[PDB]
Amino acid sequence: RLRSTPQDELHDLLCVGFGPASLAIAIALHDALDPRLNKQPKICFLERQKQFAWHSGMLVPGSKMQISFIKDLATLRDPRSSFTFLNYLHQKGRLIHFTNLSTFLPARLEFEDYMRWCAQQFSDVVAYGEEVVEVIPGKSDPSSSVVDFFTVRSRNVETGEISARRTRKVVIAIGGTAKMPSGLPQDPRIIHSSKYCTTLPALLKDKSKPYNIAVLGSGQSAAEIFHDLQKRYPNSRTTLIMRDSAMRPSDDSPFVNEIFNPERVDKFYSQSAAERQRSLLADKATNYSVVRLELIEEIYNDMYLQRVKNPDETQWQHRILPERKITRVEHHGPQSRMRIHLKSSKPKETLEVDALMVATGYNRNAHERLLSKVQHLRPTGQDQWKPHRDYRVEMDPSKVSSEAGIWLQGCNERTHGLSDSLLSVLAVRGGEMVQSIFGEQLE
Amino acid sequence: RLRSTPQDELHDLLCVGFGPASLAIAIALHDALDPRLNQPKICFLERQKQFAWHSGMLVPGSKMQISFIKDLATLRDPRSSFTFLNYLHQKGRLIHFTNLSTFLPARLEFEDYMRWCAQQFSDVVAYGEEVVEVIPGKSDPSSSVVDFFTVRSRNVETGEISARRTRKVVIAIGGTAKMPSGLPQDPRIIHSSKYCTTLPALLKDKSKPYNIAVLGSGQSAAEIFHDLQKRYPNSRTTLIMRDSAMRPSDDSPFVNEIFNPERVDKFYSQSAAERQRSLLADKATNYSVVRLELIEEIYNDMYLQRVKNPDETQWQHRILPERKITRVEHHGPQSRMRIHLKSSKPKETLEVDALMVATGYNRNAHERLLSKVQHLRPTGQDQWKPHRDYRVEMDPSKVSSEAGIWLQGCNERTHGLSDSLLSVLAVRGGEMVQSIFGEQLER
Amino acid sequence: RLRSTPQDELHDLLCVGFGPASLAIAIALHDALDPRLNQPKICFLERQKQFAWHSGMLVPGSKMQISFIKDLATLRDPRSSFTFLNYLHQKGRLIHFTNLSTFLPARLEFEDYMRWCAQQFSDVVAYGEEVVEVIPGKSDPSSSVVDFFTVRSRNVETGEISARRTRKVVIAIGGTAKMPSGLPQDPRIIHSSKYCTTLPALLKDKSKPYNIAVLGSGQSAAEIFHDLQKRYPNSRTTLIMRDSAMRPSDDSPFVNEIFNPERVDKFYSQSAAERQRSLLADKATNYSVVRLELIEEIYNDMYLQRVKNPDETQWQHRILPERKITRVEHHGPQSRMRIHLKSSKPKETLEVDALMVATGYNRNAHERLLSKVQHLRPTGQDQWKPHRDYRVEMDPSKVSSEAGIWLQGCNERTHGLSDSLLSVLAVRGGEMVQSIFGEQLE
Amino acid sequence: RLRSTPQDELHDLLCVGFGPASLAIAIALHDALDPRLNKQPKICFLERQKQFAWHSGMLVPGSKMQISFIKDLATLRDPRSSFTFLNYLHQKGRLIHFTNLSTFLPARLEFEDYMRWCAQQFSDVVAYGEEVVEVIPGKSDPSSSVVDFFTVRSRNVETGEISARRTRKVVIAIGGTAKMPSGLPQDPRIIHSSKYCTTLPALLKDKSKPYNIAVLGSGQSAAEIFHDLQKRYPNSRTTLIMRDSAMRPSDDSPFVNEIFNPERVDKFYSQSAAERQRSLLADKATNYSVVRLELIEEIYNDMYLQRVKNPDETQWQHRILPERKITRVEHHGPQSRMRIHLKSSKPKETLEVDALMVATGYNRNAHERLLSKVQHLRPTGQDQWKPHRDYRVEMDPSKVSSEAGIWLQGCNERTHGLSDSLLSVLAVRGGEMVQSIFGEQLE
Ligand SMILES: Cc1cc2nc3c(=O)[nH]c(=O)nc-3n(C[C@H](O)[C@H](O)[C@H](O)COP(=O)(O)OP(=O)(O)OC[C@H]3O[C@@H](n4cnc5c(N)ncnc54)[C@H](O)[C@@H]3O)c2cc1C
Ligand SMILES: Cc1cc2nc3c(=O)[nH]c(=O)nc-3n(C[C@H](O)[C@H](O)[C@H](O)COP(=O)(O)OP(=O)(O)OC[C@H]3O[C@@H](n4cnc5c(N)ncnc54)[C@H](O)[C@@H]3O)c2cc1C
Ligand SMILES: Cc1cc2nc3c(=O)[nH]c(=O)nc-3n(C[C@H](O)[C@H](O)[C@H](O)COP(=O)(O)OP(=O)(O)OC[C@H]3O[C@@H](n4cnc5c(N)ncnc54)[C@H](O)[C@@H]3O)c2cc1C
Ligand SMILES: Cc1cc2nc3c(=O)[nH]c(=O)nc-3n(C[C@H](O)[C@H](O)[C@H](O)COP(=O)(O)OP(=O)(O)OC[C@H]3O[C@@H](n4cnc5c(N)ncnc54)[C@H](O)[C@@H]3O)c2cc1C
Ligand SMILES: NC(=O)c1ccc[n+]([C@@H]2O[C@H](COP(=O)([O-])OP(=O)(O)OC[C@H]3O[C@@H](n4cnc5c(N)ncnc54)[C@H](OP(=O)(O)O)[C@@H]3O)[C@@H](O)[C@H]2O)c1
Ligand SMILES: [Ca+2]
Ligand SMILES: [Ca+2]
Ligand SMILES: [Ca+2]
Ligand SMILES: [Ca+2]
């Protein structure tokens, strides 16, 4: 229903990224325009992938959502929305079938399809294959001392051509970038977890071959990869390398998990920086460096069966090496394998591996580089973009028109809480964003 | 949305009973008239003084036995405003229920949801009306053809009789208590359906060492037996069952596809012999079975008695399996009742202060209620025959086409094990609205 | 420590079979001989070359269906050296098993536990011996009374016949494959009991798109159906069942009291009518049922196919309910058989490279084995009748009291649903040692 | 089979305390003397309580063990022992019935009965009702300057009379003592969790009275008390006061829990003090200030039901006050209720309560007072007892004979790991203790 804006027109809103966060904004805008639900803006979305896809590099077989399907992209804002997960199922003729599953945790493949089904209804306003590379200040009058729009430049991921689009307002919703240990070198055989399903098969084409494959880390991504490798490459020898002493379980308990409630964002944001830092630390185990207990137990059971076959752990096909860090990687010459050097992680062993899967998490700072050509518009003394409660970043008012602005989505954990980077509050936050950006225009 | 019809007018439809089945029809009619989602003269008569859902069995901790997705609207249209999720959103409780991580709300909570739905229809529901007669009406003195029905109800407070005229009747009156034959009439012999409303009046002192027997081994018997040991901590309770053990309900996913709304067509279109065979083979999904978790809790309570005393005969709370009651003897209120037991195979004497009889329900009450119109059935029929759309066969030479009677909730034999449950109410509500109002709504 | 008896001597007891039932007797005799806890001339004959527990069905990930406490000793004496926990302690694995927090070891692990037990009786077990007949013996040329038995066994690898003489015999030979009568004999039609041992030799290319059918809907059919989809990832598998659905086994605690060892006394004393009715009423504990967790796993795999394609007819792996096989075309050089299906209610065909037949077992094989002594039964018996202590009725005028035959594992009709399982083996082994050797040990 | 030594004789070993730690030693000595298990020392145990009892003040209805029954007092050392939990069940005629329970976690009540069954076989070497008060040095030749025995002085609970027993070797196995926040005054209405079942009923006799009852803390003891009070006093208003933001789940994941393995004691002890501290910190959530998830979920569901009835948390019968600390208690005067003053626990609110349950944990320092009169025998420069791997404390060899010594049990978490104070390694540690104390004597 949302109609396209011509590429060279002045947009009202341009969103960088079309993952769940921008999709929830698109959905919330649709719903706010729906006479059936409420009491058209010139909008477009740029997405570097060639079609909608949700962490496709980590769609390992059997992987599940880590959040109740009720926390979809609409329901917590309005269960009557056409964009609920249950309505998607009903449109697919699968609602009763999903009901008989008796699970709150769909396969990630299914929840990706739900979001693909939503995203297809916005295809007229999404430009796929466009990687935004810079955002530059615009002036309607060149002799004005005030920026009143932004030019967003994007690179065609197939041809390299640079496109430009003008917009009053920008949303940056680009998720995370791979965090690599600084000491690891670049090599086609060292692959971050985010590119597991998508590039490792190309590297290791023979599923029956006895590859040596190592996994670095001990959070959910590492555990899913380590566990999947033993099925994907049944004759491989896999090694899980972690600096902790053990995989530790994610905190799914209900009182702790109320920090993810949508209505907590007001209170979290109003707290002092010192309190927000302490709170995030105390609740870290709900999300970071932890594994769903059910997957830990599965891996533990697999280890036990190896113990039944051979009591000597050093002889096991699949091994966990706890409290170790990689200190050196040899990787030159035509030989297939790298030599990983391991030391204790407390305050030498070597391994010959065909590939090293690096499951060491994500950073959420890439908006600083994307926004570098407008960062002179920030107030003096800021080395970082500062979002208000409504996610609009602070601009020097002598330099930027009140009609122009930039909002950040998904990189605001420090100011808005641990739910900021997840699916947890997207339905409600998308509704807040539509009111913040479009509210006056709608009325 | 549904406006009252003056009590004197010729109604389009009168529904007898305002339990979940009739409520689902009201909701389906509301949704069919809702321009977001897509007036007849309708009224409902309910004997209870307000909406209430097996209030006599609202024992503490009792839970739904069916996923909340099978509420009164979602399987027909997840966008409906009458979904359980939207009810939670309207109550400010949606996020809190999400953190519960359960498909099975407390029965108390699901009653409040349906009561919240029911309040939307307060203009078209007359509470405290017990329907006692359905009378054939002939608007033409010069024709013996019946073209409407007069429904007579007795007000439970005044006892006055009121009459309403309607073209069509829905009979949606649930079940009546099934009692073993030959029990004496004694206020201390109480059917499970009146457990919460009658037993506390009879046994007022919660600390007294009452002897309380429970007859049966299905879900009602297990919930009552388990609850009595908490409600009367010093009581001596006895579960009497003719089976050798409580058996677990079948909640496995392939078997339970028989409850899918789209299976109604398939079940109906089978011969009487195959329908009868089907119901028998699948009986363990519903009848004479207990949810495994409750079985396990009762078993653990029994085990703890064994820890304290190895002699089962001296336990406070006991199960007497493979027993039948030969008679319940009484000598007035001055003394306990005496339950005489023998083997249920093709002996004990119990002295009790009350006998909870959890022996299930019959769904044949519509036969008495419709006795004054049964001469309009085709020659030879001794029971009402519903077609697929739930309308009973009438002799077409005796009843007009504008007049009809439908049955809801008593049609297991022709429509499947889901008929008496919540399982297909949302979808069946939609079909009923089509069958009864479809043309009227098309014009 | 059970010492061997010279083969030509007259044994006190000869046991046919060395599966868990006979093994539980050996363990109970060992424990009865141990003054720490509290020698007859005994020998066991086993057709397999070593101890093995349904090796043809040791599917990856398959689990015990009974708590490890019902091992081969604990319910009779938790102090026994032959408990599962002591075995783990001896293996250095007890703390590691504890951390699993499960009552259900892998079948592979429980087999190893019983193998560890069985290796301690190697002095009294002859493997590779298939018993073929039991013939009566009369040690007195002047009396017509049978007072011993000769057990004749064919060596598996040499085919040579050996004769062993014994006063008492135990038959503990488990079950035989039950096949639907209308199926023909073909290398591509394999009973579930030979899944792991026979199917790989027939279907050698783990990556080829075979069509593989599975007949039945009990635990065996479910385990094979689910496993085939991993073992042959490109196969098209089909579960053919005459019921409408896989149904869950009853593991609920009151019902499962029927497996309690002390229940055998009460069950045995019931009438034949009551025992038959009782067995029927409790059938869902054991027969034609699937553990709920596995049903749900199979259901979830079906659901994921529906996510990828809503048309069930085009799914890789399918279930075909309320079907019966009316005909199999298997003659010809074509690698695939054609299966003809009809409704099982009182024209579709499948072309398959193999049909796995998971249709259960019979436990009547002792009738053929004992045929040369069946004239010793009392008149008017067409079956062997076990007493409570598992000794079969013999005509007193024909058989001396110091001679007898006991049956193990085939007495469900008289001793209850626990008879064929591991459930009462520890306790039953103790009772058997008392019945067979009790007067001898006192 | 262990026979009494006359009270006035020189014992080989005297154990202070007869809880699970001392009982495990008694069991290991018995097994070491059994020719079945391995092909008599003068020993006595002194126990303050009148019979064996295992945290009887916290035997709340429904409380369960938090460790697999396989970790009983013998099995991990020798599954053949007559003192295993499975053998105890067999002796009681309950083994099959417990098997049908399908649980690794007996009721605490049942596990206490198991240990009482073990303890009663040592009744000839245990003096109950004896509170040890001091350990004093002994010189068999008083003119010499070498200590070669110890006199253990104990107060008879019934008569207060002091008796003295002499021994070469002493074991201190006295568990923990109630830890109270230093700011709380002494008052009969302020009760530590350790005395909940035994003292609170004496204080609040009428189970139907609407008492106000507060609970301080958020570990397992606070959760069990908070949950139990709501059943024990159905009309009470209970309040859980915690300085954390929420109850947090205990870590029962299997890799982490390998720290409780008996064979890990060697690994843990052989680490530096820095690394022992760091590791105890990393694994703290297995044991301290945490609650079993299933209990958290049950309390959460009870709170949810209150919310169904009334969305305003301030009106709930039972409430949780997070991030609070008690700053003042008013408790002088004849009024039934104390006034508790609360403030935020972050770096005006009052409650009036009939009682305050203090679930603030335990200290394990009480051995230092009992050994004060021998702490001059430590080597020069120690102000704390230093146990070696085999749990014997370091003595100055020029002052203490090699045939005399003191061992500590249960208070050595610092040096021996998180399992030290639990049942986790008692079977194995008992065997080790028998070898250390009586090894040469038996060989
Ligand atoms: C493997 C994995 C599984 C997860 N599972 C869950 C879960 O089950 N439940 C849950 O609540 N959360 C989960 N998360 C957390 C995750 O962050 C959210 O699920 C969600 O993806 C966040 O949405 P988003 O739109 O903020 O970020 P993303 O999903 O990362 O989306 C960002 C988008 O922007 C695009 N983009 C990036 N840079 C540019 C650019 N320069 N120009 C144009 N486009 C660009 C990317 O291609 C991407 O599509 C998971 C995270 C990972 C890594
Ligand atoms: C204790 C109990 C618990 C159950 N729990 C579940 C569950 O968790 N999930 C599930 O799917 N099903 C459950 N059921 C099955 C139950 O039948 C349905 O939940 C549902 O109540 C059926 O709805 P109904 O409108 O058909 O009948 P009812 O709910 O019985 O309602 C019929 C109505 O008609 C009224 N009535 C009867 N006679 C007259 C008259 N002469 N005049 C006027 N009014 C009359 C009654 O007062 C009542 O309000 C349960 C049944 C029982 C007994
Ligand atoms: C696939 C499968 C899985 C099962 N899993 C379980 C479980 O987890 N828990 C449970 O309680 N029960 C289980 N059962 C039931 C099973 O019957 C028992 O576990 C157990 O195997 C019975 O032991 P048995 O010794 O009486 O028979 P078996 O285990 O069958 O042993 C019989 C032995 O006799 C031998 N034999 C046969 N004929 C001769 C002959 N003529 N001469 C010499 N030797 C002969 C056989 O080789 C065999 O070794 C399972 C059954 C099957 C088929
Ligand atoms: C409420 C609670 C529940 C617990 N549940 C578990 C569990 O389920 N699993 C687990 O692994 N651990 C559990 N623990 C940990 C607990 O420490 C162990 O269960 C166990 O109690 C340790 O035994 P111990 O003998 O070292 O100390 P205790 O059990 O404390 O025994 C110490 C004994 O010494 C006696 N004593 C003390 N001082 C003197 C004196 N001066 N003179 C004479 N006698 C004295 C006491 O009377 C007492 O009997 C629990 C602890 C608590 C508080
Ligand atoms: N199925 C799903 O829904 C799914 C799947 C995957 C991930 N996720 C979610 O995505 C988010 C990220 O999870 P993640 O596992 O990818 O990342 P993560 O939680 O941040 O874990 C990163 C792991 O790598 C380690 N690590 C980080 N830097 C390291 C370094 N320089 N050297 C050595 N080790 C290092 C970390 O150890 P330290 O803690 O010591 O730094 C940790 O073990 C989580 O919220 C997760 O739940 C969800
Ligand atoms: Ca949860
Ligand atoms: Ca289910
Ligand atoms: Ca069970
Ligand atoms: Ca665990």
# chains A, B, ... in the order shown; residues from 1 in each chain; ligands from 1
>>> interface_residues(of="chain D", to="chain A", cutoff="6 Å", atoms="only C-alpha atoms", output="PyMOL selection string")
chain D and resi 246+255-256
>>> interface_residues(of="chain B", to="chain D", cutoff="8 Å", atoms="only C-alpha atoms", output="PyMOL selection string")
chain B and resi 92-93+96-97+100+109+296+299-300+303+306-307+310
>>> interface_residues(of="chain C", to="chain B", cutoff="9 Å", atoms="only C-alpha atoms", output="list in words")
residues 244, 245, 246, 247, 248, 250, 251, 252, 253, 254, 255, 274, 292, 295, 296, 299, 345 and 346 of chain C
>>> write_last_selection(atoms="C-alpha atoms", output="PDB file, in the first residue's frame")
ATOM      1  CA  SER C 244      -4.573 -42.997  11.930  1.00  0.00           C
ATOM      2  CA  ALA C 245      -1.574 -41.718  13.894  1.00  0.00           C
ATOM      3  CA  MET C 246       1.448 -42.553  15.973  1.00  0.00           C
ATOM      4  CA  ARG C 247       0.268 -42.692  19.582  1.00  0.00           C
ATOM      5  CA  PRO C 248       2.241 -41.924  22.753  1.00  0.00           C
ATOM      6  CA  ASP C 250       2.018 -44.428  28.641  1.00  0.00           C
ATOM      7  CA  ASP C 251       4.856 -43.610  31.050  1.00  0.00           C
ATOM      8  CA  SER C 252       2.511 -42.260  33.737  1.00  0.00           C
ATOM      9  CA  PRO C 253       3.364 -43.453  37.268  1.00  0.00           C
ATOM     10  CA  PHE C 254       0.194 -45.206  38.520  1.00  0.00           C
ATOM     11  CA  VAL C 255      -0.309 -47.196  35.308  1.00  0.00           C
ATOM     12  CA  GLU C 274      -8.869 -61.096  33.962  1.00  0.00           C
ATOM     13  CA  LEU C 292       6.157 -38.750  23.133  1.00  0.00           C
ATOM     14  CA  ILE C 295       6.576 -38.280  18.098  1.00  0.00           C
ATOM     15  CA  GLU C 296       7.126 -34.545  18.668  1.00  0.00           C
ATOM     16  CA  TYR C 299       6.047 -33.902  13.987  1.00  0.00           C
ATOM     17  CA  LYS C 345     -10.684 -49.029   6.974  1.00  0.00           C
ATOM     18  CA  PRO C 346     -13.025 -52.091   7.087  1.00  0.00           C
TER      19      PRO C 346
END
>>> interface_residues(of="chain D", to="chain C", cutoff="12 Å", atoms="only C-alpha atoms", output="NGL selection string")
:D and (34-39 or 67-72 or 74-91 or 93-105 or 252-264 or 424-425 or 427-428)
>>> atom_distance(atom1="atom CA of residue 144 of chain B", atom2="atom CA of residue 370 of chain B")
18.7 Å
>>> residues_near_ligand(ligand="ligand 1", cutoff="6 Å", atoms="only C-alpha atoms and all ligand atoms", output="number ranges by chain")
A: 16-22, 46-49, 54-55, 58, 65-67, 130-133, 173-176, 410, 421-424
>>> write_last_selection(atoms="N, CA and C atoms", output="mmCIF file, in the first residue's frame")
data_model
loop_
_atom_site.group_PDB
_atom_site.id
_atom_site.type_symbol
_atom_site.label_atom_id
_atom_site.label_comp_id
_atom_site.auth_asym_id
_atom_site.auth_seq_id
_atom_site.Cartn_x
_atom_site.Cartn_y
_atom_site.Cartn_z
ATOM 1 N N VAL A 16 18.345 3.588 6.584
ATOM 2 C CA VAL A 16 19.494 2.812 6.146
ATOM 3 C C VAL A 16 19.395 1.436 6.792
ATOM 4 N N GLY A 17 19.279 0.410 5.962
ATOM 5 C CA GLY A 17 19.096 -0.941 6.465
ATOM 6 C C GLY A 17 17.642 -1.357 6.382
ATOM 7 N N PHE A 18 17.364 -2.584 5.956
ATOM 8 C CA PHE A 18 15.998 -3.089 5.994
ATOM 9 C C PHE A 18 16.016 -4.470 6.633
ATOM 10 N N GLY A 19 16.527 -4.491 7.865
ATOM 11 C CA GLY A 19 16.347 -5.599 8.765
ATOM 12 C C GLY A 19 15.119 -5.375 9.623
ATOM 13 N N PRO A 20 14.985 -6.166 10.694
ATOM 14 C CA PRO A 20 13.765 -6.078 11.520
ATOM 15 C C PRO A 20 13.456 -4.684 12.046
ATOM 16 N N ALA A 21 14.475 -3.904 12.405
ATOM 17 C CA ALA A 21 14.210 -2.606 13.023
ATOM 18 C C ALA A 21 13.529 -1.656 12.038
ATOM 19 N N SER A 22 14.074 -1.532 10.822
ATOM 20 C CA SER A 22 13.422 -0.700 9.811
ATOM 21 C C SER A 22 12.097 -1.298 9.362
ATOM 22 N N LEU A 46 16.906 1.648 2.259
ATOM 23 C CA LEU A 46 18.047 1.133 1.505
ATOM 24 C C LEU A 46 18.618 -0.068 2.243
ATOM 25 N N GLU A 47 18.872 -1.146 1.511
ATOM 26 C CA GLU A 47 19.337 -2.385 2.126
ATOM 27 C C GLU A 47 20.424 -2.967 1.242
ATOM 28 N N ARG A 48 21.552 -3.342 1.847
ATOM 29 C CA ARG A 48 22.675 -3.778 1.023
ATOM 30 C C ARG A 48 22.497 -5.199 0.501
ATOM 31 N N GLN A 49 21.858 -6.086 1.263
ATOM 32 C CA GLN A 49 21.566 -7.424 0.753
ATOM 33 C C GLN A 49 20.610 -7.331 -0.435
ATOM 34 N N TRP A 54 17.596 -12.457 7.254
ATOM 35 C CA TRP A 54 17.786 -12.222 8.683
ATOM 36 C C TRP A 54 18.903 -13.126 9.203
ATOM 37 N N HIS A 55 20.106 -12.568 9.342
ATOM 38 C CA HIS A 55 21.298 -13.320 9.759
ATOM 39 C C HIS A 55 21.404 -14.639 9.003
ATOM 40 N N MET A 58 23.842 -17.417 9.738
ATOM 41 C CA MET A 58 23.682 -18.229 10.944
ATOM 42 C C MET A 58 22.369 -19.003 10.965
ATOM 43 N N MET A 65 14.226 -19.249 17.269
ATOM 44 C CA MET A 65 14.086 -17.957 17.919
ATOM 45 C C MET A 65 14.456 -18.077 19.391
ATOM 46 N N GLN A 66 14.996 -16.998 19.949
ATOM 47 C CA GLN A 66 15.273 -16.979 21.379
ATOM 48 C C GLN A 66 14.309 -16.070 22.126
ATOM 49 N N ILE A 67 13.128 -15.877 21.565
ATOM 50 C CA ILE A 67 12.165 -14.922 22.086
ATOM 51 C C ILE A 67 10.780 -15.398 21.658
ATOM 52 N N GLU A 130 21.780 -1.899 -2.289
ATOM 53 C CA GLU A 130 22.306 -0.549 -2.118
ATOM 54 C C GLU A 130 22.971 -0.456 -0.751
ATOM 55 N N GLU A 131 24.291 -0.352 -0.742
ATOM 56 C CA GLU A 131 25.042 -0.210 0.499
ATOM 57 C C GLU A 131 25.334 1.266 0.700
ATOM 58 N N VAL A 132 24.748 1.847 1.748
ATOM 59 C CA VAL A 132 24.993 3.246 2.056
ATOM 60 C C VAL A 132 26.442 3.409 2.495
ATOM 61 N N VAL A 133 27.139 4.343 1.862
ATOM 62 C CA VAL A 133 28.541 4.578 2.153
ATOM 63 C C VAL A 133 28.791 5.937 2.799
ATOM 64 N N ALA A 173 19.643 2.106 10.893
ATOM 65 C CA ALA A 173 19.225 0.869 11.548
ATOM 66 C C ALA A 173 19.999 -0.267 10.882
ATOM 67 N N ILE A 174 21.310 -0.308 11.121
ATOM 68 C CA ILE A 174 22.223 -1.159 10.366
ATOM 69 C C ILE A 174 22.730 -2.332 11.192
ATOM 70 N N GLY A 175 22.129 -2.596 12.348
ATOM 71 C CA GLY A 175 22.515 -3.786 13.100
ATOM 72 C C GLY A 175 23.961 -3.739 13.555
ATOM 73 N N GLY A 176 24.615 -4.893 13.530
ATOM 74 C CA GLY A 176 25.965 -4.962 14.041
ATOM 75 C C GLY A 176 27.008 -5.346 13.012
ATOM 76 N N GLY A 410 18.857 0.450 17.213
ATOM 77 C CA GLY A 410 19.523 -0.817 17.433
ATOM 78 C C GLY A 410 20.922 -0.732 18.008
ATOM 79 N N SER A 421 18.893 -3.849 20.962
ATOM 80 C CA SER A 421 19.442 -4.498 19.777
ATOM 81 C C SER A 421 18.691 -5.765 19.375
ATOM 82 N N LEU A 422 17.668 -6.156 20.119
ATOM 83 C CA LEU A 422 16.959 -7.396 19.867
ATOM 84 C C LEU A 422 15.619 -7.124 19.158
ATOM 85 N N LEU A 423 14.793 -8.168 19.029
ATOM 86 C CA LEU A 423 13.429 -8.015 18.533
ATOM 87 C C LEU A 423 12.472 -7.488 19.596
ATOM 88 N N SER A 424 12.912 -7.471 20.861
ATOM 89 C CA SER A 424 12.038 -7.365 22.028
ATOM 90 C C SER A 424 11.054 -6.203 21.975
#
>>> select_by_dssp(residues="segment 158-268 of chain D", states="helix (DSSP H, G or I)", output="ChimeraX atom specification")
/D:193-203,220-232,256-260,264-268
>>> residues_around(residues="residue 33 of chain B", least_positions_apart="5", cutoff="12 Å", atoms="only C-alpha atoms", output="list in words")
residues 1, 2, 26, 27, 28, 38, 39, 40, 80, 430, 433, 434, 437, 438, 440, 441 and 442 of chain B
>>> residues_around(residues="residue 398 of chain D", least_positions_apart="3", cutoff="10 Å", atoms="only C-alpha atoms", output="JSON, numbers by chain")
{"D": [145, 146, 147, 377, 379, 395, 401, 402]}
>>> write_last_selection(atoms="N, CA, C and O atoms", output="tab-separated table (two decimals), in the first residue's frame")
chain	number	residue	atom	x	y	z
D	145	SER	N	57.47	-29.84	76.50
D	145	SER	CA	56.94	-28.68	75.80
D	145	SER	C	56.31	-29.06	74.46
D	145	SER	O	56.30	-28.25	73.52
D	146	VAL	N	55.79	-30.28	74.35
D	146	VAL	CA	55.18	-30.78	73.12
D	146	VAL	C	53.75	-31.19	73.43
D	146	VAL	O	53.51	-31.97	74.36
D	147	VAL	N	52.81	-30.66	72.64
D	147	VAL	CA	51.41	-31.08	72.71
D	147	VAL	C	51.24	-32.36	71.90
D	147	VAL	O	51.64	-32.43	70.73
D	377	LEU	N	49.43	-22.81	68.74
D	377	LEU	CA	50.20	-23.90	68.17
D	377	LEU	C	50.38	-23.77	66.65
D	377	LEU	O	51.08	-24.59	66.05
D	379	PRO	N	52.00	-22.17	63.24
D	379	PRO	CA	53.35	-21.65	63.01
D	379	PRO	C	53.36	-20.13	63.07
D	379	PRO	O	52.34	-19.47	62.81
D	395	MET	N	50.21	-27.18	62.06
D	395	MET	CA	50.67	-26.95	63.42
D	395	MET	C	52.18	-26.74	63.42
D	395	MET	O	52.90	-27.32	62.60
D	401	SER	N	53.01	-32.70	68.61
D	401	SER	CA	53.45	-34.02	68.18
D	401	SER	C	52.82	-34.39	66.84
D	401	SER	O	51.70	-33.97	66.52
D	402	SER	N	53.54	-35.21	66.08
D	402	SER	CA	53.06	-35.64	64.77
D	402	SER	C	51.88	-36.59	64.85
D	402	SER	O	51.14	-36.73	63.87
>>> residues_around(residues="residue 400 of chain D", least_positions_apart="6", cutoff="12 Å", atoms="only C-alpha atoms", output="list in words")
residues 137, 138, 139, 140, 144, 145, 146, 147, 148, 149, 150, 168, 169, 374, 375, 376, 377, 378, 379, 393, 394 and 406 of chain D
>>> residues_around(residues="residue 425 of chain B", least_positions_apart="4", cutoff="8 Å", atoms="only C-alpha atoms", output="NGL selection string")
:B and (20-21 or 24 or 71-73 or 421 or 429)
>>> residues_around(residues="residue 242 of chain D", least_positions_apart="5", cutoff="7 Å", atoms="only C-alpha atoms", output="ChimeraX atom specification")
/D:216-218,321-325
